[PDB]
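What follows is data_0.pdb (PDB, C-alpha atoms and all ligand atoms).
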ATOM      1  CA  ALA A   1      10.033  19.483  38.247  1.00  0.00           C
ATOM      2  CA  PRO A   2       8.137  22.589  37.063  1.00  0.00           C
ATOM      3  CA  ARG A   3       8.291  25.676  39.282  1.00  0.00           C
ATOM      4  CA  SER A   4       4.555  25.512  39.892  1.00  0.00           C
ATOM      5  CA  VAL A   5       1.931  22.791  39.561  1.00  0.00           C
ATOM      6  CA  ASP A   6      -1.831  22.999  40.065  1.00  0.00           C
ATOM      7  CA  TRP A   7      -3.817  19.889  39.186  1.00  0.00           C
ATOM      8  CA  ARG A   8      -7.094  21.746  39.686  1.00  0.00           C
ATOM      9  CA  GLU A   9      -6.334  23.494  36.393  1.00  0.00           C
ATOM     10  CA  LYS A  10      -6.046  20.152  34.592  1.00  0.00           C
ATOM     11  CA  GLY A  11      -9.448  18.801  35.778  1.00  0.00           C
ATOM     12  CA  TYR A  12      -8.156  16.317  38.407  1.00  0.00           C
ATOM     13  CA  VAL A  13      -9.914  17.782  41.483  1.00  0.00           C
ATOM     14  CA  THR A  14     -13.511  17.732  42.647  1.00  0.00           C
ATOM     15  CA  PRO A  15     -15.015  20.641  44.587  1.00  0.00           C
ATOM     16  CA  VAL A  16     -14.220  20.996  48.292  1.00  0.00           C
ATOM     17  CA  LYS A  17     -16.241  18.719  50.537  1.00  0.00           C
ATOM     18  CA  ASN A  18     -17.171  18.927  54.211  1.00  0.00           C
ATOM     19  CA  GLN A  19     -16.615  15.991  56.556  1.00  0.00           C
ATOM     20  CA  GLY A  20     -18.742  17.556  59.297  1.00  0.00           C
ATOM     21  CA  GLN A  21     -18.351  16.296  62.902  1.00  0.00           C
ATOM     22  CA  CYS A  22     -17.147  12.882  61.778  1.00  0.00           C
ATOM     23  CA  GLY A  23     -13.450  11.984  62.062  1.00  0.00           C
ATOM     24  CA  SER A  24     -13.300  10.953  58.403  1.00  0.00           C
ATOM     25  CA  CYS A  25     -10.553  13.256  57.077  1.00  0.00           C
ATOM     26  CA  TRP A  26      -8.614  10.174  55.956  1.00  0.00           C
ATOM     27  CA  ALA A  27     -11.540   9.106  53.758  1.00  0.00           C
ATOM     28  CA  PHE A  28     -11.656  12.515  52.049  1.00  0.00           C
ATOM     29  CA  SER A  29      -7.904  12.458  51.510  1.00  0.00           C
ATOM     30  CA  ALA A  30      -8.169   8.968  49.979  1.00  0.00           C
ATOM     31  CA  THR A  31     -11.085   9.760  47.693  1.00  0.00           C
ATOM     32  CA  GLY A  32      -9.280  12.886  46.554  1.00  0.00           C
ATOM     33  CA  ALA A  33      -6.220  10.946  45.539  1.00  0.00           C
ATOM     34  CA  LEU A  34      -8.295   8.237  43.848  1.00  0.00           C
ATOM     35  CA  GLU A  35     -10.439  10.810  42.060  1.00  0.00           C
ATOM     36  CA  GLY A  36      -7.237  12.220  40.552  1.00  0.00           C
ATOM     37  CA  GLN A  37      -5.810   8.839  39.491  1.00  0.00           C
ATOM     38  CA  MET A  38      -9.138   7.704  38.047  1.00  0.00           C
ATOM     39  CA  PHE A  39      -9.307  10.964  36.034  1.00  0.00           C
ATOM     40  CA  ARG A  40      -5.806  10.389  34.683  1.00  0.00           C
ATOM     41  CA  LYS A  41      -6.804   6.812  33.743  1.00  0.00           C
ATOM     42  CA  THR A  42     -10.208   7.465  32.167  1.00  0.00           C
ATOM     43  CA  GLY A  43     -10.671  11.192  31.562  1.00  0.00           C
ATOM     44  CA  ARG A  44     -13.739  11.144  33.823  1.00  0.00           C
ATOM     45  CA  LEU A  45     -13.882  13.111  37.089  1.00  0.00           C
ATOM     46  CA  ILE A  46     -16.375  11.335  39.348  1.00  0.00           C
ATOM     47  CA  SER A  47     -16.897  12.210  43.003  1.00  0.00           C
ATOM     48  CA  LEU A  48     -16.301   9.118  45.187  1.00  0.00           C
ATOM     49  CA  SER A  49     -18.079   7.898  48.319  1.00  0.00           C
ATOM     50  CA  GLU A  50     -16.325   8.686  51.588  1.00  0.00           C
ATOM     51  CA  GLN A  51     -19.309   7.079  53.282  1.00  0.00           C
ATOM     52  CA  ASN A  52     -18.437   3.766  51.602  1.00  0.00           C
ATOM     53  CA  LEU A  53     -14.946   4.031  53.129  1.00  0.00           C
ATOM     54  CA  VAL A  54     -16.241   5.054  56.560  1.00  0.00           C
ATOM     55  CA  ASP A  55     -18.792   2.230  56.749  1.00  0.00           C
ATOM     56  CA  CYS A  56     -16.827  -0.603  55.128  1.00  0.00           C
ATOM     57  CA  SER A  57     -13.063  -0.385  55.735  1.00  0.00           C
ATOM     58  CA  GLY A  58     -12.917  -1.670  59.325  1.00  0.00           C
ATOM     59  CA  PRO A  59     -11.251  -4.921  58.268  1.00  0.00           C
ATOM     60  CA  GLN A  60      -8.358  -2.932  56.830  1.00  0.00           C
ATOM     61  CA  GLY A  61      -7.888  -1.121  60.155  1.00  0.00           C
ATOM     62  CA  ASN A  62      -9.933   2.072  59.766  1.00  0.00           C
ATOM     63  CA  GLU A  63     -12.026   3.350  62.641  1.00  0.00           C
ATOM     64  CA  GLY A  64     -14.923   5.100  60.904  1.00  0.00           C
ATOM     65  CA  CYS A  65     -15.637   8.503  62.409  1.00  0.00           C
ATOM     66  CA  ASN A  66     -12.792   8.015  64.914  1.00  0.00           C
ATOM     67  CA  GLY A  67      -9.920   8.141  62.408  1.00  0.00           C
ATOM     68  CA  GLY A  68      -8.097   6.021  59.862  1.00  0.00           C
ATOM     69  CA  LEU A  69      -5.334   5.891  57.291  1.00  0.00           C
ATOM     70  CA  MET A  70      -5.376   6.702  53.599  1.00  0.00           C
ATOM     71  CA  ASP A  71      -3.333   3.582  52.871  1.00  0.00           C
ATOM     72  CA  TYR A  72      -5.905   1.424  54.701  1.00  0.00           C
ATOM     73  CA  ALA A  73      -8.584   3.038  52.475  1.00  0.00           C
ATOM     74  CA  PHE A  74      -6.556   2.229  49.338  1.00  0.00           C
ATOM     75  CA  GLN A  75      -6.175  -1.345  50.567  1.00  0.00           C
ATOM     76  CA  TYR A  76      -9.939  -1.585  51.100  1.00  0.00           C
ATOM     77  CA  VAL A  77     -10.666  -0.499  47.551  1.00  0.00           C
ATOM     78  CA  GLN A  78      -8.257  -3.161  46.236  1.00  0.00           C
ATOM     79  CA  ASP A  79      -9.610  -5.903  48.552  1.00  0.00           C
ATOM     80  CA  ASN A  80     -13.198  -4.949  47.794  1.00  0.00           C
ATOM     81  CA  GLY A  81     -12.808  -4.737  44.042  1.00  0.00           C
ATOM     82  CA  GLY A  82     -14.279  -1.267  43.842  1.00  0.00           C
ATOM     83  CA  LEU A  83     -15.662   1.873  45.420  1.00  0.00           C
ATOM     84  CA  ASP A  84     -19.056   3.456  44.918  1.00  0.00           C
ATOM     85  CA  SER A  85     -19.776   6.910  43.637  1.00  0.00           C
ATOM     86  CA  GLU A  86     -20.861   9.702  46.026  1.00  0.00           C
ATOM     87  CA  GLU A  87     -24.140   9.871  44.117  1.00  0.00           C
ATOM     88  CA  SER A  88     -24.890   6.188  44.776  1.00  0.00           C
ATOM     89  CA  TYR A  89     -23.694   6.161  48.381  1.00  0.00           C
ATOM     90  CA  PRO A  90     -23.993   9.657  49.755  1.00  0.00           C
ATOM     91  CA  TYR A  91     -22.162  11.115  52.736  1.00  0.00           C
ATOM     92  CA  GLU A  92     -23.929  10.994  56.116  1.00  0.00           C
ATOM     93  CA  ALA A  93     -21.128  12.054  58.511  1.00  0.00           C
ATOM     94  CA  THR A  94     -21.897   9.121  60.835  1.00  0.00           C
ATOM     95  CA  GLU A  95     -20.659   5.542  60.732  1.00  0.00           C
ATOM     96  CA  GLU A  96     -23.360   3.114  59.536  1.00  0.00           C
ATOM     97  CA  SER A  97     -23.542  -0.476  58.315  1.00  0.00           C
ATOM     98  CA  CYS A  98     -21.716  -1.226  55.089  1.00  0.00           C
ATOM     99  CA  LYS A  99     -23.969  -0.536  52.033  1.00  0.00           C
ATOM    100  CA  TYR A 100     -21.426  -1.182  49.264  1.00  0.00           C
ATOM    101  CA  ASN A 101     -23.122  -2.076  46.000  1.00  0.00           C
ATOM    102  CA  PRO A 102     -20.841  -3.282  43.214  1.00  0.00           C
ATOM    103  CA  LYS A 103     -23.360  -2.179  40.597  1.00  0.00           C
ATOM    104  CA  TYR A 104     -22.343   1.427  41.364  1.00  0.00           C
ATOM    105  CA  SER A 105     -18.603   0.949  41.597  1.00  0.00           C
ATOM    106  CA  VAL A 106     -16.847   3.670  39.580  1.00  0.00           C
ATOM    107  CA  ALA A 107     -13.258   3.352  40.910  1.00  0.00           C
ATOM    108  CA  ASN A 108     -10.654   0.711  41.594  1.00  0.00           C
ATOM    109  CA  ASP A 109      -7.066   0.457  42.717  1.00  0.00           C
ATOM    110  CA  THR A 110      -4.275  -2.023  42.460  1.00  0.00           C
ATOM    111  CA  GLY A 111      -2.305  -0.917  45.512  1.00  0.00           C
ATOM    112  CA  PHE A 112      -0.575   2.232  46.655  1.00  0.00           C
ATOM    113  CA  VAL A 113       2.807   3.937  46.770  1.00  0.00           C
ATOM    114  CA  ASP A 114       4.364   5.466  49.886  1.00  0.00           C
ATOM    115  CA  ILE A 115       6.545   8.432  48.865  1.00  0.00           C
ATOM    116  CA  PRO A 116      10.000   8.925  50.402  1.00  0.00           C
ATOM    117  CA  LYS A 117       9.858  11.260  53.429  1.00  0.00           C
ATOM    118  CA  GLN A 118      11.394  14.367  51.853  1.00  0.00           C
ATOM    119  CA  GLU A 119       9.751  17.439  50.358  1.00  0.00           C
ATOM    120  CA  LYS A 120      11.889  17.002  47.247  1.00  0.00           C
ATOM    121  CA  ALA A 121      10.423  13.489  46.748  1.00  0.00           C
ATOM    122  CA  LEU A 122       6.950  14.872  47.387  1.00  0.00           C
ATOM    123  CA  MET A 123       7.431  17.605  44.743  1.00  0.00           C
ATOM    124  CA  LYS A 124       8.544  14.990  42.198  1.00  0.00           C
ATOM    125  CA  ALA A 125       5.482  12.859  43.002  1.00  0.00           C
ATOM    126  CA  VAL A 126       3.111  15.809  42.775  1.00  0.00           C
ATOM    127  CA  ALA A 127       4.691  16.903  39.477  1.00  0.00           C
ATOM    128  CA  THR A 128       4.382  13.516  37.824  1.00  0.00           C
ATOM    129  CA  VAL A 129       1.484  11.609  39.452  1.00  0.00           C
ATOM    130  CA  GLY A 130      -1.289  13.992  40.360  1.00  0.00           C
ATOM    131  CA  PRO A 131      -2.850  14.933  43.685  1.00  0.00           C
ATOM    132  CA  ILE A 132      -1.214  13.143  46.649  1.00  0.00           C
ATOM    133  CA  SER A 133      -2.675  12.125  50.005  1.00  0.00           C
ATOM    134  CA  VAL A 134      -0.661  13.606  52.905  1.00  0.00           C
ATOM    135  CA  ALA A 135      -0.674  13.669  56.677  1.00  0.00           C
ATOM    136  CA  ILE A 136      -0.178  16.995  58.481  1.00  0.00           C
ATOM    137  CA  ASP A 137      -0.061  18.297  62.058  1.00  0.00           C
ATOM    138  CA  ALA A 138      -3.319  20.304  61.954  1.00  0.00           C
ATOM    139  CA  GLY A 139      -3.593  20.391  65.791  1.00  0.00           C
ATOM    140  CA  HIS A 140      -2.889  24.094  66.323  1.00  0.00           C
ATOM    141  CA  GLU A 141      -5.491  26.766  66.703  1.00  0.00           C
ATOM    142  CA  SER A 142      -3.642  28.747  63.961  1.00  0.00           C
ATOM    143  CA  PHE A 143      -4.770  26.049  61.475  1.00  0.00           C
ATOM    144  CA  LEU A 144      -8.396  26.027  62.655  1.00  0.00           C
ATOM    145  CA  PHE A 145      -8.574  29.778  62.088  1.00  0.00           C
ATOM    146  CA  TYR A 146      -6.450  29.955  58.899  1.00  0.00           C
ATOM    147  CA  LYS A 147      -7.843  32.387  56.276  1.00  0.00           C
ATOM    148  CA  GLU A 148      -5.356  33.228  53.501  1.00  0.00           C
ATOM    149  CA  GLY A 149      -1.738  33.437  52.394  1.00  0.00           C
ATOM    150  CA  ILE A 150       1.044  30.984  53.252  1.00  0.00           C
ATOM    151  CA  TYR A 151       0.376  29.020  56.443  1.00  0.00           C
ATOM    152  CA  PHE A 152       3.391  28.884  58.713  1.00  0.00           C
ATOM    153  CA  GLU A 153       3.142  27.734  62.357  1.00  0.00           C
ATOM    154  CA  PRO A 154       6.396  27.779  64.331  1.00  0.00           C
ATOM    155  CA  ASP A 155       5.167  25.003  66.729  1.00  0.00           C
ATOM    156  CA  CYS A 156       4.093  22.577  63.989  1.00  0.00           C
ATOM    157  CA  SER A 157       5.452  19.031  64.282  1.00  0.00           C
ATOM    158  CA  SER A 158       7.155  17.229  61.410  1.00  0.00           C
ATOM    159  CA  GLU A 159       6.558  13.862  63.192  1.00  0.00           C
ATOM    160  CA  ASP A 160       3.140  14.135  64.966  1.00  0.00           C
ATOM    161  CA  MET A 161       0.477  14.301  62.232  1.00  0.00           C
ATOM    162  CA  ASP A 162      -3.243  14.140  62.998  1.00  0.00           C
ATOM    163  CA  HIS A 163      -5.091  15.151  59.829  1.00  0.00           C
ATOM    164  CA  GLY A 164      -5.246  13.684  56.305  1.00  0.00           C
ATOM    165  CA  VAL A 165      -5.508  16.138  53.407  1.00  0.00           C
ATOM    166  CA  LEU A 166      -4.661  16.316  49.687  1.00  0.00           C
ATOM    167  CA  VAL A 167      -1.795  18.118  47.974  1.00  0.00           C
ATOM    168  CA  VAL A 168      -3.051  19.295  44.577  1.00  0.00           C
ATOM    169  CA  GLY A 169       0.029  21.329  43.587  1.00  0.00           C
ATOM    170  CA  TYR A 170       2.725  23.721  44.679  1.00  0.00           C
ATOM    171  CA  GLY A 171       4.055  27.119  43.738  1.00  0.00           C
ATOM    172  CA  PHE A 172       5.409  30.436  44.911  1.00  0.00           C
ATOM    173  CA  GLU A 173       3.994  33.874  45.806  1.00  0.00           C
ATOM    174  CA  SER A 174       5.438  36.920  44.058  1.00  0.00           C
ATOM    175  CA  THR A 175       5.578  39.372  46.965  1.00  0.00           C
ATOM    176  CA  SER A 177       8.804  38.178  50.433  1.00  0.00           C
ATOM    177  CA  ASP A 178      11.709  35.962  51.652  1.00  0.00           C
ATOM    178  CA  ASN A 179       9.663  32.755  52.095  1.00  0.00           C
ATOM    179  CA  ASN A 180       7.320  32.463  49.158  1.00  0.00           C
ATOM    180  CA  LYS A 181       6.861  28.760  48.293  1.00  0.00           C
ATOM    181  CA  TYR A 182       3.769  26.745  49.124  1.00  0.00           C
ATOM    182  CA  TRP A 183       2.025  23.432  48.827  1.00  0.00           C
ATOM    183  CA  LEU A 184      -1.479  23.796  47.592  1.00  0.00           C
ATOM    184  CA  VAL A 185      -3.610  21.709  49.951  1.00  0.00           C
ATOM    185  CA  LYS A 186      -7.267  20.748  49.659  1.00  0.00           C
ATOM    186  CA  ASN A 187      -8.967  20.375  53.073  1.00  0.00           C
ATOM    187  CA  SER A 188     -12.323  18.703  53.863  1.00  0.00           C
ATOM    188  CA  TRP A 189     -13.771  21.396  56.159  1.00  0.00           C
ATOM    189  CA  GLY A 190     -15.966  23.067  53.548  1.00  0.00           C
ATOM    190  CA  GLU A 191     -15.419  26.132  51.393  1.00  0.00           C
ATOM    191  CA  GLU A 192     -15.728  28.662  54.220  1.00  0.00           C
ATOM    192  CA  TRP A 193     -12.488  27.522  55.848  1.00  0.00           C
ATOM    193  CA  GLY A 194      -9.237  29.005  54.524  1.00  0.00           C
ATOM    194  CA  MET A 195      -9.108  30.020  50.839  1.00  0.00           C
ATOM    195  CA  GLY A 196     -12.238  28.460  49.444  1.00  0.00           C
ATOM    196  CA  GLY A 197     -11.401  25.354  51.485  1.00  0.00           C
ATOM    197  CA  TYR A 198      -7.693  25.333  50.519  1.00  0.00           C
ATOM    198  CA  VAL A 199      -4.545  26.187  52.442  1.00  0.00           C
ATOM    199  CA  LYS A 200      -1.367  27.347  50.767  1.00  0.00           C
ATOM    200  CA  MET A 201       1.028  25.572  53.166  1.00  0.00           C
ATOM    201  CA  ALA A 202       4.752  26.486  53.740  1.00  0.00           C
ATOM    202  CA  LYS A 203       6.977  24.510  51.313  1.00  0.00           C
ATOM    203  CA  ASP A 204      10.697  23.765  51.681  1.00  0.00           C
ATOM    204  CA  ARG A 205      10.806  25.000  55.271  1.00  0.00           C
ATOM    205  CA  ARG A 206      12.031  21.828  57.015  1.00  0.00           C
ATOM    206  CA  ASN A 207       9.009  19.683  56.193  1.00  0.00           C
ATOM    207  CA  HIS A 208       6.642  22.019  57.914  1.00  0.00           C
ATOM    208  CA  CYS A 209       3.743  20.304  59.696  1.00  0.00           C
ATOM    209  CA  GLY A 210       5.050  16.906  58.512  1.00  0.00           C
ATOM    210  CA  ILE A 211       3.551  17.276  55.026  1.00  0.00           C
ATOM    211  CA  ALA A 212       6.177  14.933  53.463  1.00  0.00           C
ATOM    212  CA  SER A 213       6.158  12.455  56.393  1.00  0.00           C
ATOM    213  CA  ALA A 214       3.311  10.156  55.309  1.00  0.00           C
ATOM    214  CA  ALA A 215       2.511  10.918  51.691  1.00  0.00           C
ATOM    215  CA  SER A 216       0.955   8.301  49.404  1.00  0.00           C
ATOM    216  CA  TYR A 217      -1.223   7.648  46.398  1.00  0.00           C
ATOM    217  CA  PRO A 218      -3.130   4.744  44.866  1.00  0.00           C
ATOM    218  CA  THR A 219      -2.136   2.867  41.735  1.00  0.00           C
ATOM    219  CA  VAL A 220      -4.976   2.214  39.261  1.00  0.00           C
TER     220      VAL A 220
HETATM  221  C1  LIG A 301      -9.571  13.308  60.619  1.00  0.00           C
HETATM  222  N1  LIG A 301     -10.772  13.810  60.605  1.00  0.00           N
HETATM  223  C2  LIG A 301      -8.925  12.781  61.840  1.00  0.00           C
HETATM  224  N2  LIG A 301      -7.535  12.413  61.638  1.00  0.00           N
HETATM  225  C3  LIG A 301      -7.148  11.176  61.274  1.00  0.00           C
HETATM  226  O1  LIG A 301      -7.955  10.250  61.098  1.00  0.00           O
HETATM  227  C4  LIG A 301      -5.675  11.048  61.017  1.00  0.00           C
HETATM  228  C5  LIG A 301      -5.506  10.705  59.524  1.00  0.00           C
HETATM  229  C6  LIG A 301      -4.203   9.868  59.522  1.00  0.00           C
HETATM  230  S1  LIG A 301      -2.828  11.035  59.400  1.00  0.00           S
HETATM  231  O2  LIG A 301      -2.891  11.599  58.082  1.00  0.00           O
HETATM  232  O3  LIG A 301      -2.791  11.853  60.573  1.00  0.00           O
HETATM  233  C7  LIG A 301      -1.362  10.038  59.551  1.00  0.00           C
HETATM  234  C8  LIG A 301      -0.644  10.131  60.716  1.00  0.00           C
HETATM  235  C9  LIG A 301       0.501   9.380  60.888  1.00  0.00           C
HETATM  236  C10 LIG A 301       0.948   8.507  59.919  1.00  0.00           C
HETATM  237  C11 LIG A 301       0.227   8.407  58.748  1.00  0.00           C
HETATM  238  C12 LIG A 301      -0.929   9.159  58.589  1.00  0.00           C
HETATM  239 CL1  LIG A 301      -1.767   8.987  57.121  1.00  0.00          CL
HETATM  240  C13 LIG A 301      -4.270   9.074  60.854  1.00  0.00           C
HETATM  241  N3  LIG A 301      -5.038   9.965  61.744  1.00  0.00           N
HETATM  242  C14 LIG A 301      -5.102   9.892  63.074  1.00  0.00           C
HETATM  243  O4  LIG A 301      -5.752  10.716  63.688  1.00  0.00           O
HETATM  244  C15 LIG A 301      -4.421   8.765  63.779  1.00  0.00           C
HETATM  245  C16 LIG A 301      -5.017   7.423  63.462  1.00  0.00           C
HETATM  246  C17 LIG A 301      -4.274   6.463  62.789  1.00  0.00           C
HETATM  247  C18 LIG A 301      -4.856   5.241  62.490  1.00  0.00           C
HETATM  248  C19 LIG A 301      -6.186   5.015  62.828  1.00  0.00           C
HETATM  249 CL2  LIG A 301      -6.964   3.509  62.453  1.00  0.00          CL
HETATM  250  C20 LIG A 301      -6.923   5.976  63.504  1.00  0.00           C
HETATM  251  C21 LIG A 301      -6.336   7.179  63.815  1.00  0.00           C
HETATM  252  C22 LIG A 301      -3.875   9.050  65.173  1.00  0.00           C
HETATM  253  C23 LIG A 301      -2.911   8.878  63.991  1.00  0.00           C
HETATM  254  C24 LIG A 301      -9.750  12.005  62.864  1.00  0.00           C
HETATM  255  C25 LIG A 301      -9.256  13.426  63.193  1.00  0.00           C
END
Translate this file's structure into structure tokens.
Ligand SMILES: *C(=N)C1(NC(=O)[C@@H]2C[C@@H](S(=O)(=O)c3ccccc3Cl)CN2C(=O)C2(c3ccc(Cl)cc3)CC2)CC1
Amino acid sequence: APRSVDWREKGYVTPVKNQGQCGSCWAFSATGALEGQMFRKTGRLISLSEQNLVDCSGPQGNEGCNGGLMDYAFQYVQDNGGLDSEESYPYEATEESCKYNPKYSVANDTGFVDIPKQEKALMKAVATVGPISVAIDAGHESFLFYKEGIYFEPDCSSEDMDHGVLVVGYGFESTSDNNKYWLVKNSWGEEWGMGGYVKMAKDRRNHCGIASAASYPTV
């Protein structure tokens, strides 16, 4: 794999979004991954509707503003035959009745891939596929108040993840001893972290469980 990857530079990544008070992180992680795979497929970067996922993917096991799984979202898109654009089905940050309209479907998927649970497998996936949906342990105050640089939290769990985010690349800082990072897009708006991103510790024993539940949709 290359030493550094950043899919933002290749046009695969929409601007940072804000989920608000709704427990819809999983929906933002899923749309991020699908936005990337749709761009690879078609050359068109189109922002997708998290609201459509929040309102409509109960049958697949998602729980709206009270949590869900990226893979359940990918299964919904396959079952449903599509997913609306953000423009057509805008984000409300509350769970409402399903308003899916196939006329405005701009994405599809044919399933999903679960990546082996190693950072080396995650790097290979990121290098070759595009942005990847990942689960992390975000449940430390150090994450809430993260501002810049490489995020490392000694008490992070590699097994107890509670937040879905999107890996858009990886790289290394030239500063000192521990310099590698995953580039991670969050859904807490641009005023959190580094314009809404967190450079997360890479190759330090699967820190925060970033390689523990990584996946992406096939299109
Ligand atoms: C996001 N605003 C909130 N977090 C979740 O909804 C997270 C997302 C995923 S995860 O990425 O943590 C994860 C964890 C373990 C294994 C795979 C994955 Cl993808 C699940 N989330 C959860 O909070 C849990 C969950 C799981 C399944 C359902 Cl239907 C609801 C909730 C508790 C694991 C909401 C804060």
Could you write out as a PyMOL selection string the residues that the PyMOL selection byres (((chain A and resi 137-143) around 7) and not hetatm) matches in the shown file?
chain A and resi 136+144-146+156-157+160-163+209-210
Site check for ligand LIG 301 (chain A): residues at most 8 Å away, only C-alpha atoms and all ligand atoms, as an NGL selection string:
:A and (19 or 22-26 or 61-63 or 65-71 or 133-137 or 159-165 or 213-215)
Using Å and a single decimal, report how far CA of residue 15 (chain A) sits from CA of residue 211 (chain A).
21.6 Å
Take the point (7.4, 23.4, 44.6) as written in the file and pick out every residue within 7 Å of it, counting all atoms listed in the file; give the list as a list in words.
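So the residues meeting the distance criterion are residues 3, 4, 123, 170, 171, 181, 182, 183 and 203 of chain A.
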Output C-alpha atoms for every residue in that selection, as an mmCIF file, keeping the file's coordinate frame.
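Okay, this is what ended up in result_7.cif:
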data_model
loop_
_atom_site.group_PDB
_atom_site.id
_atom_site.type_symbol
_atom_site.label_atom_id
_atom_site.label_comp_id
_atom_site.auth_asym_id
_atom_site.auth_seq_id
_atom_site.Cartn_x
_atom_site.Cartn_y
_atom_site.Cartn_z
ATOM 1 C CA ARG A 3 8.291 25.676 39.282
ATOM 2 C CA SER A 4 4.555 25.512 39.892
ATOM 3 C CA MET A 123 7.431 17.605 44.743
ATOM 4 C CA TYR A 170 2.725 23.721 44.679
ATOM 5 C CA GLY A 171 4.055 27.119 43.738
ATOM 6 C CA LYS A 181 6.861 28.760 48.293
ATOM 7 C CA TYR A 182 3.769 26.745 49.124
ATOM 8 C CA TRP A 183 2.025 23.432 48.827
ATOM 9 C CA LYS A 203 6.977 24.510 51.313
#
Which of these residues is nearest to residue 37 (chain A), using all atoms listed in the file: A:172, A:112, A:193, A:151?
A:112
Pick from A:40, A:200, A:120, A:99, whichever lies nearest to residue 7 (chain A) using only C-alpha atoms:
A:40
Box time for region 130-139 of chain A: axis-aligned, enclosing all its listed atoms, 4 Å extra on each side; report centre and edge lengths in Å to one decimal, as AutoDock Vina command-line options.
--center_x -1.8 --center_y 16.3 --center_z 53.1 --size_x 11.5 --size_y 16.3 --size_z 33.4
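Summary of the local environment: counting all atoms listed in the file, residues at most 10 Å from residue 125 (chain A), other than itself and those fewer than 6 positions away along its chain, are residues 1, 115, 116, 119, 131, 132, 215, 216 and 217 of chain A.
One distance worth recording is that between CA of residue 73 (chain A) and CA of residue 33 (chain A), which is 10.8 Å.
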Using all atoms listed in the file, can you tell me which of A:2, A:64, A:81, A:11 comes closest to residue 110 (chain A)?
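Among A:2, A:64, A:81, A:11, it is A:81 that comes nearest to residue 110 (chain A).
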What is the distance between CA of residue 126 (chain A) and CA of residue 153 (chain A), in Å to one decimal?
22.9 Å
Measuring atom to atom with only C-alpha atoms, identify which of A:166, A:201, A:220, A:155 is nearest to residue 29 (chain A).
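Closest candidate: A:166.
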